[PDB]
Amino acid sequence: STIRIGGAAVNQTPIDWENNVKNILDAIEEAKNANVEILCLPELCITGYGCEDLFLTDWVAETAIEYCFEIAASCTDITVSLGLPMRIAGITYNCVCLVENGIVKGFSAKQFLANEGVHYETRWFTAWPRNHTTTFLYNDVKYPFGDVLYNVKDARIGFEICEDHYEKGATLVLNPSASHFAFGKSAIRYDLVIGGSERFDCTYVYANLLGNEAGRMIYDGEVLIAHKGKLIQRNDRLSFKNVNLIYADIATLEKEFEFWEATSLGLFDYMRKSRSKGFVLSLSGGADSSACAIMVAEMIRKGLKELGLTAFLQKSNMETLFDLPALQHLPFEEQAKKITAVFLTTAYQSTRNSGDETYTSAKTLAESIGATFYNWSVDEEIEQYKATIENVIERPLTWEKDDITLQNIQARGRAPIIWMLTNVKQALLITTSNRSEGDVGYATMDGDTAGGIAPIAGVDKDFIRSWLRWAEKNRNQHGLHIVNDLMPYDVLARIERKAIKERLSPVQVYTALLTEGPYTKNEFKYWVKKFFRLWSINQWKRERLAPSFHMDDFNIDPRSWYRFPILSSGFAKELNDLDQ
């Protein structure tokens, strides 16, 4: 005697009803095909999680509930959960509907709102009082609403919505979620789901959203089924499919890897959802630009593999750009190269100061992945710009007190044309800055910050280092062989973590660094002051950076994890404290 319980991940997009509802219905159909009796779907799956202020409108909620009921009609001979925002007397709640055999049984409202870090739920939703139960009137029917337990077929269902009973006799706890990806997070979730099925001594189902839904947050599509302390089933995370279902019959890890998986799916979704015809990237032979090149390369190969030529290209919305004359080429890599040639357009921009050293490094990389490689000089334009300025200011610009200015023209002079190539291709221009550079304003505003997406702005420089080595090794990207202010030797990352993530004052950061070593007092005092000074001066730049992917246990985008004042004290008092 067993019951078949299931869960499914779906790749939604903000208010994309056609895609969102199709995915839900396809998930329900797959479940029904396998005779799944109870199916858990993700948090806010009908509308998608990242709708932001659209949740403040009356119409989004009205449209979502109409789809809830339409979907219910297809839930024949099965029980399914659906997520959607709902408004009762002006107050909006984050809810989950439970449908049983075509009939809506009730709605559970979220009790604990996520309002920390990357979350802003309180802006759109109001927490529902614990152990409270009211009625929601739709048309003319009274549905249980709030804290509700569900009696169906052969089970008593209770909900634990993401961040969110045993003493209620629940045999099955459904945990629809919208848990963004972040290093090692999956491990924690593992313990929470299993621990939940243990303390509650019942079946526990966790179903997460999948993909880059709205731009910055990537969901891992994880689905876990646990029973009384044991994991019964799990699916493969970060799939390129729109639906990932798993089920089971119930009686009576390394950062480099996760990063590879997450960014591969992240780029694919960002590219297709923004309807971009591939990417354009400026190769300088540096670590950042190389990391970005490999990422696009890996995205194409990972996707082509899981979906196949026809499905992948169709989902990429660029099939007309190909012949096919395809799905016939060997050995997979040949069709991968032809695709990368259309998907990735790279360019090495030089001046009289380049030195072929970086050229070869960029040319090699581009050739090894099949990306279209272009080469040109911007020396004439930069020299002409510089000449015009020297003339305007009636004096010569020298490395003496004009250092910064000269350094900045190098990047800004490369922006206009690389963007022109992007517009011609109708592609997405990649900016390569990383999080370390973001901490101290290292990037030239409107220079190497030019673009529409910053795929590695969420990870620090020391990580990009560790990942590039990992790539050449495991991904057979030997094109990275050559690629064998920021405070050298890991100090920047250590200060950033203690200051931003740990929220410590300058003196606290300094004190902690001293106990760890290996530099002297004045050395650390110098770098700590430098970090805070540069941080305050450059907040305005972070307010202007291109959309980036969240990857770590925090990020520095003011639209997401870290809101910080553009105009500020510069930590003057706190830095003096380091001395007095």
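The first residue of the shown sequence is 1; numbering continues from there.
According to the entry, the stretch of the deposited sequence that connects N476 to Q477 contains no residue lacking coordinates, so the chain runs unbroken between them. Going from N484 to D485, the model skips 10 or more deposited residues, which lack coordinates.
Between the stretches 334 to 342 and 424 to 432, it is 334 to 342 that shows the larger average CA temperature factor. Taking only CA atoms, the mean B-factor in the PDB entry is higher for 195 to 203 than for the other of 195 to 203 and 95 to 103.
Taking only the listed residues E222, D403, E298, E116, the entry reports the highest CA temperature factor at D403. Among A248, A454, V148, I464, the highest C-alpha B-factor in the deposited entry belongs to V148. In the PDB entry, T351 places in the highest third of its chain by CA B-factor. Placement of the Cα temperature factor of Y166 within the chain: highest third of the modelled residues, per the deposited record. Residue-level temperature factors show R237 in the middle third of its chain, judged at the C-alpha atom.
In the deposited entry, the Cα temperature factor of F257 places it in the middle third of its chain's modelled residues. Sorting the modelled residues of the chain by their CA temperature factor places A109 in the middle third.
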